[PDB]
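Chains as they are written, first to last, in my numbering: chain A, 334 to 449; chain B, 334 to 449; chain C, 334 to 449; chain D, 334 to 449. In what follows, a single structure is set out as structure tokens and then discussed.
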Ligand SMILES: O=C(O)c1ccccc1Nc1cc(Cl)c(OOO)c(Cl)c1
Ligand SMILES: O=C(O)c1ccccc1Nc1cc(Cl)c(OOO)c(Cl)c1
């Protein structure tokens, strides 16, 4: 649907399961208002965060709680979390996949944006 | 120089030059206080941000102003900026290089943490 | 199925479509024997390369023809192709997803390996 | 020094030290002739591979022996090695840095190509 987060573990070559993800939307007063949250599945994906109607134009932040993920695996990683910030739907509704590839001292994040 | 930031451009295969970087330290009230800032050099590097005396244990955020970089180059970017958030810890290595590899719709960031 | 290749374009934030992919398997005489080939779909994926029965233990090479991809978009990229080489099925049959994220002067490749 | 290779370790957040690297040039019969080799230094770098006189236009392959690196560290890796294949072109910039960021099940590689 309109916003999906996918997380992979580059150490094990596997989905990153049970990763907490918090989504925020910037308000007109400039604060970050909570928008949605959840955790990744067995497949490393988190679906169902929002609907096209709810997912209006705005600046969004996707915070992925990578530190908690590594700590549960016995690892003390470098980053507190990964934060992905972007304008969405400024030229009409799109579908966003926010992917993150995780390693203890590194991550990458990519967006796949498609027109429904 | 306990903290350096290095930014590369994956489209042009070059250092990312003149990228604004802002560094923040987390205050006790959970807000981000400005701490240091600069623009990357012709080698994509930003040095001289802080000193070992003032770079005490705490949580820091490095914000790299990727959107402006791509706008200057005439390429549509996805992210507002790249954020790197981490804890500084005296027990470990005392030189932190925050590296970022930029593409319009993806970035990676890595910490190279060493002793001298 | 047992081997899938997924390719993304980090410039556009989209699947990399119509990318040629050639798979090779190392023979006992040490040469690279052609094993399968195809091109990525509208979704950037290439499925149907092999079956579990055909996909025996071996060292495989997945060559992704990234240069042809960029050239068709007007770009002169750095790499001739991306080549991904790995042992497969040495502890029994697994499912492999070979992902590649492409930029003109950079790529990343990741494997997601699951036990059916 | 027209060619340098730099390797980083995304698990430990460090230079990848003592990684074997072999460089090849494509011969007119389409085979790979050995050209240079070395191990990365304590800074993850390999210099002195060739000279501008002998580094003529052609297609080169840089093979980074990632599997051995991870084996030494006691972590199961995916890839046999990382291969980087590119054409050297006199018309452009004349210093090539081949950078590789390593995780057990993923790697990225980037070319930083500059003039001095
Ligand atoms: O090559 C990459 O994929 C990469 C990914 C994340 C961060 C940096 C990347 N490249 C890179 C990083 C560092 Cl610290 C670096 O060292 O220079 O001081 C180089 Cl040459 C390249
Ligand atoms: O291919 C990579 O190296 C990579 C780079 C950045 C982010 C994620 C990465 N892998 C990746 C792997 C898979 Cl299987 C994937 O989607 O699968 O449905 C995506 Cl979007 C990305």
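All residues carry an ideal CB built from backbone N, CA and C; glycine is no exception.
Item, Value
"Three-state secondary structure assigned by DSSP to residue 402 (chain A)", "helix"
"Alpha carbon of residue 339 (chain B) to alpha carbon of residue 349 (chain B), nearest angstrom", "8 Å"
"Check: residue 372 (chain C) C-beta below 7 Å from any heavy atom of ligand 2", "no"
"Endpoints, the beta strand (DSSP E) within which residue 341 (chain B) is located", "336–342"
"Simplified DSSP state of residue 392 (chain A), which is helix, strand or coil", "strand"
"Bridge partners - residue 416 (chain C), DSSP secondary structure assignment", "C:396 and D:416"
"One or two residues paired with residue 443 (chain B) in a DSSP bridge", "A:439 and B:432"
"Contact test: residue 445 (chain A) Cβ vs ligand 2 heavy atom, cutoff 7 Å", "yes"
"Contacts of residue 306 (chain C) in chain B (Cβ-Cβ under 8 Å)", "This structure does not reach residue 306 (chain C), given that chain C is present from 334 up to 449, and the question cannot be answered."
"heavy atom of ligand 1 below 7 Å from residue 432 (chain D) C-beta", "yes"
"Contact check, residue 352 (chain C) vs residue 370 (chain C), beta carbons under 8 Å", "no"
"Residue 355 (chain B) at chain A interface by Cβ criterion, 8 Å", "no"
"8 Å Cβ cut-off: residues of chain C touching residue 444 (chain D)", "411, 412, 438 and 439"
"Closer than 8 Å to chain A by CB, residue 420 (chain B)", "yes"
"Ligand 2 heavy atom lying under 7 Å from the CB of residue 399 (chain C)", "no"
"Three-state class that DSSP yields for residue 361 (chain A) in the structure shown", "coil"
"Near ligand 1: residue 341 (chain B) beta-carbon under 7 Å from a heavy atom", "yes"
"Any non-hydrogen atom of ligand 2 closer than 7 Å to residue 364 (chain C) Cβ", "no"
"Local Cβ density within 10 Å of residue 380 (chain D), reported as buried at 16 or more and exposed below that", "exposed"
"Chain A within 8 Å of residue 340 (chain B), Cβ atoms only", "no"
"Distance CB(residue 392 (chain C))-CB(residue 354 (chain C)) smaller than 8 Å", "no"
"Cut-off 6 Å between Cβ atoms - residues of its own chain near residue 361 (chain D), not counting five sequence neighbours on either side", "none"
"Counted within 10 angstroms of its Cβ, other Cβ atoms place residue 449 (chain D) as buried (16 or more) or exposed", "exposed"
"Nearest to residue 342 (chain A) (by Cα), restricted to the options D:405, D:406 and D:438", "D:438"
"Residues from the stretch 369–384 of chain B in contact with chain D, defined by Cβ distance under 7 Å", "none"
"Distance, residue 406 (chain A) Cα to residue 421 (chain C) Cα", "25 Å"
"Residue 386 (chain C) versus residue 446 (chain C): straight-line alpha-carbon distance, rounded", "17 Å"
"Reference residue 410 (chain D), options C:378, C:377, C:444 and C:394, closest by Cα", "C:444"
"Residue 431 (chain D) versus residue 395 (chain D): straight-line alpha-carbon distance, rounded", "8 Å"
"Classification of residue 344 (chain B) by the beta-carbon crowding that lies within 10 angstroms, buried from 16 upward", "buried"
"CB contact flag (residue 440 (chain C), residue 441 (chain D), <8 Å)", "yes"
"Under 9 Å from the C-beta of residue 434 (chain B): neighbouring residues of chain D", "432, 434, 441 and 443"
"Burial state of residue 400 (chain C), where buried means 16 or more other Cβ atoms lie within 10 Å", "buried"
"Coarse secondary structure for residue 380 (chain C), derived from DSSP in three states", "coil"
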